[PDB]
């Protein structure tokens, strides 16, 4: 029956498919149409069409694996999209119409109905499948009777009757929040429209509104921009994606129902965008340290995942007005245009999303200016993001504490992310493909860049842990300067180290002290493990003399500096050791398969060349100290290390500090409350992290006590001499 419910469903159809916007003369749109034509053709030629079959598709025949239900229904959703696309060869095709109808009936009678119970993954039974069923029925509502529609959605109500909880039919339900709460909307709001159920629609929207609240504990968004999910995991880049991606699709529909959301909370969305998402996007890539276990998915590398956020943003801009609309459009425009590696259209899967992106890119009224410098200290999720617009590089610091889990290994995904939060760092430079093209399945998991570990074997069956200490955090002074520390202890409590970082505008100093090891295993810090490009080879210099690296590890005692020289200065990386150090380096081909880190991925072999640099720690009380200087040519790097000759103020078990004379900035980490005199100019008095700048006879101070998660009055922690 035609009514306001169907009116909303028509809007939904224009969002999830957008056939009304299709234009065969539109190159990008035709490409997507071709993709869908191929998928439907494949499904039609392989579908089981014998009497009393056991499965619809052999590739997804074992219905014990919940993933097979969602996959099956998604094949029907693809058919629904094309059968309703006037330009498709399957438009109103009699076999396709009957196949969808017959397939819905078969699955209903033998695989997914109210009399069934969750077998496998609850997600498929409550979100994956219900969404696919909703979209299929919505798109093809003119071919189904209201009675059939209700019949096919009854199961959805059986598994998801309560808009505030998931896993309700199990012996351990949970309160829905964040991304999952948004999917609750794509499940019950649409099912509500299909079933013409006002109560379901209103109660679900009501529940959804929880997503706009600022939290100070648990899952959700924090005032500092952090986003936590799964109790205590940094997850802006995966669940946060779902939240903005799904919510941006629902909003247009929700605002036209009899239960619109107060237009005051959109300001809250704009805040998420600027404070939480934007900082994690560099040259079109979404920082992996925020994507949890999704880093182990081959079809979801950084640049691809980023599009989920970008399309969410451009949809939000479309429902906004005036300046807010234009500025959000500019944010999406400048990011996309700065991405010379990935084609954004490769992940825009509806005609409206393609259309929105095209108008934005061609609209001269929408400004596209290179993003300025910034530095976000996401202390509530123990991560730090830095970006220098002048020299063009990003920096990511991945930590964890007693408040957060180090890595997520669940559903057989991310089997070897053991050390991805043990003080691991990321460098985003001219090579936009660095963390892509098979990085995750080929990187040596035992030597994540920046981490100090022993060489003990680790099991894939292991799961994440929290850190014993709460002394982990970042003290930010401005957009270019900050200081961080991590009171590190390894997974089996056999190694410790006071790890600190000093972000000084165009470089980052890495300091480590109090390194101890009580095991029989060897300890070492990986200075770097950089993935190389066969097209842009690096010329390696040690102490400014060319060095030839081999697959076999070479030792370089008394090293003062290492420089990686590319033909593109924006790809150069230099390391300056404050005190000559004994390191080792190698360049070797590393092979692996995505299946190695994710059971559901391909076992096809992948390979990449890596340059590894490390420093062994054979004695208790050891330490390391070096400055990472990217994007400058050789001669400039050599000049800088001279200027930084005496930048190391101290690096012991209680005090670590680096001074940038050119800026007049100090980075300081104190592990105790003794009085520390710095550069014979001032004294710091409390355990904590500091970033100080001198301007004339004035001192700007930024103090942070990571354990209490509080700053403090100036006179309590600082005293000028």
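Positions refer to the first chain, counted from 1. Between two forms, the rigid core is the largest collection of C-alphas that superpose within 1.5 Å.
Larger root-mean-square CA separation from the shown form, computed after a rigid core fit of the structures in 5 other deposited structures of this protein, is seen for 174-182 when 428-436 is set against 174-182. The rigid core fit leaves 100-108 as the farther-lying stretch in 5 other deposited structures of this protein, judged by Cα positions and set against 237-245 and 100-108. Stretches 180-188 and 431-439 differ in mean C-alpha B factor, with the higher average recorded for 180-188. In this crystal structure, the stretch out of 119-127 and 312-320 whose C-alpha atoms carry the higher mean B factor is 119-127. Residue set 201, 477, 424, 503: peak C-alpha B-factor at 201 (per PDB entry).
Of the residues listed, 219, 551, 285, 245, the entry assigns the biggest Cα temperature factor to 551. Sort the chain's modelled residues by C-alpha temperature factor and residue 699 lands in the highest third, per the entry. Annotation for residue 453: C-alpha temperature factor in the lowest third relative to the rest of the modelled chain, per the entry. In the PDB entry, a CA B factor belonging to the middle third of its chain's modelled residues is recorded for residue 30. Looking at the C-alpha B-factors along this chain, the one for residue 568 belongs to the middle third. In the PDB entry, residue 260 places in the highest third of its chain by CA B-factor.
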